[PDB]
Every structure is written in C-alpha cells, then in structure tokens.
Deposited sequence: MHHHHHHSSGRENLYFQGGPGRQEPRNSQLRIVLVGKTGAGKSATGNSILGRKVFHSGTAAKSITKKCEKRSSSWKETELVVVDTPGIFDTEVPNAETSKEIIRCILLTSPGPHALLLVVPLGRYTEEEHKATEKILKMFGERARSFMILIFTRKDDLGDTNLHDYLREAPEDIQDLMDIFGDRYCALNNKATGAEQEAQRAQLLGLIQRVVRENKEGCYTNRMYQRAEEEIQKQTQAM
C-alpha cells in the first residue's frame, strides 16, 4: 500500500536531502515549488512531497497545489530541523508551522533532525512535544550507514502511522 509523507521546515533545514534519504535516491535538489516523487520499498509505495520556502497570494496558490498532491491527505508530516544551526529565524518557522497545524496534527507529525554528523531551550521545547516521535539523520551517510538509517527512519514513520488513532477509519 501507499505511504504519503510531506516535508516541512525552513529553507536550509535539509528537507530535500531528507527526502532523498527516504526515497533512497538523489531526486530532490538539495526547491522553488512543491515536488512529489515516489519509490518502491518492500511492498510499500513511498510517496514523498518536498516543500519550498512556504514557512502571500502566490504562496497560497502554491500551498493549495501542494495539498492537492497528497490527496486525500498525508499519513505523516515531517518537521525537519538542522542540528547546530537552530538559532533565531529557524525557531520562528517552527512556531508558525505548529500554530498553523495546531494540536490535532500532532498525532501525525514527526520531528526529523538533520546534520547528525556535525555532532538548549529551543531544542528542549521541541522535544517536549516530539519526545516519542523523532529521528536524527546524517543525510551524507553512504553504504551500510545510509541503509541502516533509512530502515530506522521508515520504521518510525510506519510506527507513528499505525499508532495514529485519528488516522484511518
């Protein structure tokens, strides 16, 4: 069956890179418009929508168009945050994303940290919300490290999706 994933975050967070890691190929450009791309993973079609710098008239059109790509809706919304580079304008984007989607959306949202290889109040506030539902990625990983991290990432997404008691009917 089909697993629909949307990536949100500030420009420079690593959305497109994360999408590449999910899909297991370099297809997003690591973004002036929303792009939908697919892969086959085991018996699952992964459908990933990468988003441009959405977070006023032109943006609204593009938001509507982005939403229509994942109809009737996604299974998982991935908030992508760059470790180390999460400072002022990076948290300004996160508070707006969270205010926009609100409490209801929390059950299908997952926090993705990028720049794990480059290894705080703003980070601990995030973790108070997504403590159970988060992942750290090194999107530059290759070989076995890359394959292991992809499995762990898809495993989390599937876990959150199966647990979403307000997902399916």
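Comparing the deposited sequence with the modelled residues, the stretches lacking C-alpha coordinates are 1 to 27, 58 to 64, 90 to 94, 159 to 170, 221 to 239.
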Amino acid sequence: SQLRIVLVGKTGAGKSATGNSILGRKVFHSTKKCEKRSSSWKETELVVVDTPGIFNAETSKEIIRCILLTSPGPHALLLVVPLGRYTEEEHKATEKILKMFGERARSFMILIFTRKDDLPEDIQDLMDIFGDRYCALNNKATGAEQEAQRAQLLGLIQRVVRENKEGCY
From here on, numbers count along this sequence of modelled residues.
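The stretch with the higher mean CA B factor, choosing between 123 to 131 and 35 to 43, is 123 to 131. Across the two stretches, 142 to 150 and 16 to 24, the PDB entry reports the greater mean Cα temperature factor for 142 to 150. Out of 67, 136, 57, 48, it is 57 whose C-alpha atom has the highest B-factor in the PDB entry. In the deposited entry, the Cα temperature factor of residue 74 sits in the bottom third of values across the chain's modelled residues. Residue 162: CA B factor in the middle third of modelled residues in this chain (values from the PDB entry). Among all modelled residues in this chain, the alpha-carbon of residue 100 has a temperature factor (C-alpha) in the highest third.
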